[PDB]
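So that we are looking at the same thing, I have put the structure below in structure tokens.
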């Protein structure tokens, strides 16, 4: 499946894509990075445009 991920930060802002079979498969890799930075951000699935919004 073709998906995208957008970050909404005040200091660090970017934009990357995500290509995985399911949402869980792609999440497994996300949870691993969540600790890498140890940030407290909130993820949101925007099915409206098939994009993942991250509002910290």
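Bear in mind that the values in this text are calculations on the coordinates, not laboratory data.
Using Cα pairs under 8 angstrom and six or more residues apart, how large is the relative contact order of the chain, in percent?
41
Taking the convex hull of the alpha carbon atoms in the chain, what volume per residue do you get, in Å³?
Hull volume over Cα atoms, normalised by residue count, gives 79 Å³.
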